[PDB]
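Residue numbers (mature numbering (1 follows the signal peptide of the UniProt record, and there is no 0)): 1 to 306.
A virtual CB, placed ideally from N, CA and C, is assigned to each residue, including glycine.
See below for the structure under consideration.
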Amino acid sequence: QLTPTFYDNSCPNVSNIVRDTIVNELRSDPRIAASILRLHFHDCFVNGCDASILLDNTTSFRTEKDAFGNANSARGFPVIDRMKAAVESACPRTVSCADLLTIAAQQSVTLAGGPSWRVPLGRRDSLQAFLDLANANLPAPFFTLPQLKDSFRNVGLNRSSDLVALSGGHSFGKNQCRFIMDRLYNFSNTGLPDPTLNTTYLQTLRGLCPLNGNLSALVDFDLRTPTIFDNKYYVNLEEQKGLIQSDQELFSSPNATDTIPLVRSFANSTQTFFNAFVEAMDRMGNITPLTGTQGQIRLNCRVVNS
Ligand code: HEM
Ligand SMILES: COc1cc(/C=C/C(=O)O)ccc1O
Ligand SMILES: COc1cc(/C=C/C(=O)O)ccc1O
Ligand SMILES: [Ca+2]
Ligand SMILES: [Ca+2]
């Protein structure tokens, strides 16, 4: 069983080292906190939270970094190496990359103004990466609500509260024009913009993402508080101002009978959202972990030991 006190004896300062590393990085890159949370998410949705996503290419297996969901998207890997090196110096061969990334995600959320809690620990590192599993498991921004739900259930999260609460991760962070071009100019081959996108916001987004423009240009997930982790992400949905398709569907989809009340619940109370996010976060963090003697304590998160 995973436990929050796993390193209280072997490395009582792991959480502190991780925090300081993020605090320093945030001064030169205010997007790092969001990037790190996403890395933990993409790690857990592929064979569980086993740091498989941090592994680089080998002649035997391809890195998950080249998955459609990570390629020219996932970021912050060097920052993870920095906190890892620091932790290894403070406590040699003690903290796994999988646990490190979990703590890093929790600290990122807290540093961004989100809830604060102690994540369960005791996960160990994988001996391989799963590129194909990543392309199949990572949900896409153009997914319908049914697909989004299927995606979460596929990894072990059956609750709609998991999807709605974890989707709150979009209360900060950036998104490329590339993933909303369809919503702005030609949604589902209708030749028209997505009707579930507020017309006034549509205009704003079209200005940031003109047709035939830079598809790599970055746009904020939350027009209200772009870098602050809060429940404003849900208020946007209620106003049809969710950035990507997968966001707005939680409130506009014909299959959203169960997600709508959850969206409103989180939008009405920060405490309600924070509690659900913590609960959902720990559930995601409990997806098929390697524990005990399974897997290893990777010294360099990029490669398997020795
Ligand atoms: C429900 C399905 C989800 C889909 C379809 C989805 C899709 C995406 C997309 C398209 C981006 C933009 C990537 C880019 O432009 O390169 C992104 C970024 C992000 N996502 Fe999600 N996401 C989902 C769930 C989540 C979850 C569960 C979390 C974490 C709890 C999360 C946290 C983030 C963060 C923080 C960013 C911004 C990262 C950065 O700015 O570096 N996402 N996601
Ligand atoms: C970067 O932040 C920290 C680093 C350490 C390192 C200890 C060691 O190397 O023994 C301890 C506490 C910290 O908050
Ligand atoms: C950029 O982020 C994502 C992209 C995809 C898929 C892209 C594609 O199939 O072209 C899936 C999940 C993601 O989180
Ligand atoms: Ca993984
Ligand atoms: Ca916000």
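Secondary structure of residue 174, DSSP reduced to three states: In the structure shown, residue 174 sits in a strand (DSSP, three-state: E or B).
Residue range of the unbroken alpha helix (DSSP H) whose run includes residue 262: DSSP places residue 262 inside the alpha helix (DSSP H), whose first and last residues are 259 to 268.
Any non-hydrogen atom of ligand 2 closer than 7 Å to residue 21 Cβ: Yes, ligand 2 has a heavy atom inside 7 Å of this Cβ.
Beta strand (DSSP E) runs wholly inside the stretch 134 to 175, at least 3 long, in chain order: Correct list: empty.
Which residues DSSP lists as bridging residue 125, in chain order: Residue pairing of residue 125 in beta bridges, as defined by DSSP: 296.
Residue 130 CB to nearest heavy atom of ligand 3 below 7 Å: No - ligand 3 has no heavy atom lying nearer than 7 Å to the Cβ of residue 130.
6 Å Cβ shell around residue 87 - same chain, five flanking residues per side excluded: Within its own chain, the residues whose Cβ lies closer than 6 Å to the Cβ of residue 87, once the five positions on either side in sequence are excluded, are 14, 17 and 95, listed in chain order.
C-alpha distance - residue 143 paired with residue 252, whole-angstrom precision: Going by C-alpha positions, residue 143 is about 13 Å away from residue 252.
Simplified DSSP state of residue 50, which is helix, strand or coil: If DSSP states are grouped into helix, strand and coil, residue 50 belongs with coil.
Residues near residue 277 by beta carbon distance below 6 Å, same chain, minus five either side: Correct list, in chain order: 165 and 168.
Rounded C-alpha distance that separates residue 312 from residue 155: What the structure shows of the chain is the stretch from 1 to 306, and residue 312 is not part of that stretch, so it cannot be assessed.
Within the stretch 163 to 242, ranges of the beta strand (DSSP E) (whole runs, at least 3 residues): If we require 3 residues or more, the beta strand (DSSP E) runs fully inside the stretch 163 to 242 come out as 174 to 176 and 218 to 220.
Residue 192, buried or exposed, once every other Cβ within 10 Å from all chains shown has been counted against 16: Result: exposed.
Range covered by the alpha helix (DSSP H) that runs through residue 245: Counting along the chain, the alpha helix (DSSP H) containing residue 245 begins and ends at 245 to 252.
Chain-ordered list of residues that sit, by beta carbon, closer than 5 Å to a heavy atom of ligand 3: Qualifying residues come out as 68, 69, 73, 138 and 140.
Same chain only: Cβ atoms within 6 Å of residue 118, ignoring 5 sequence neighbours per side: Cβ-Cβ distances below 6 Å link residue 118 to 4 in the same chain, with the five nearest sequence neighbours on each side left out; the list follows chain order.
Under 8 Å between C-beta atoms of residue 21 and residue 82: Less than 8 Å divides the Cβ of residue 21 from the Cβ of residue 82.
Where the alpha helix (DSSP H) containing residue 344 begins and where it ends: Residue 344 lies beyond the residue range present for the chain, which begins at 1 and ends at 306; the question has no answer from this structure.
Identity of the residues DSSP links to residue 3 by a beta bridge: For residue 3, which the question treats as bridged, DSSP gives the partners 121.
Closer than 7 Å: residue 113 CB and nearest ligand 1 heavy atom: No, the Cβ of residue 113 stays beyond 7 Å of every heavy atom of ligand 1.
Beta-carbon spacing of residue 256, residue 234 below 8 Å: Note that the C-beta distance between residue 256 and residue 234 is not below 8 Å.
With 16 other Cβ atoms within 10 Å as the buried cut-off, status of residue 109: Its Cβ being crowded by 16 or more others within 10 Å, residue 109 is buried.
Test item, CB below 5 Å from any non-hydrogen atom of ligand 4: Qualifying residues, in the order they occur: 43, 46, 47, 50 and 52.
Rounded separation between residue 237 and residue 196 - CA only: Using only the alpha carbons, I get a separation of about 10 Å.
CB contact flag (residue 113, residue 36, <8 Å): No.
beta-carbon residue 294 near ligand 1 non-hydrogen atom, thresh 7 Å: For residue 294, the shortest C-beta to heavy atom distance toward ligand 1 is 7 Å or greater.
Integer Cβ distance of residue 127 from residue 296, believed to fall under 8 Å: Between residue 296 and residue 127 the Cβ distance is about 7 Å, and since that is below 8 Å, they are a contact.
Alpha carbon of residue 135 to alpha carbon of residue 61, nearest angstrom: Taking the straight line from one Cα to the other gives about 14 Å.
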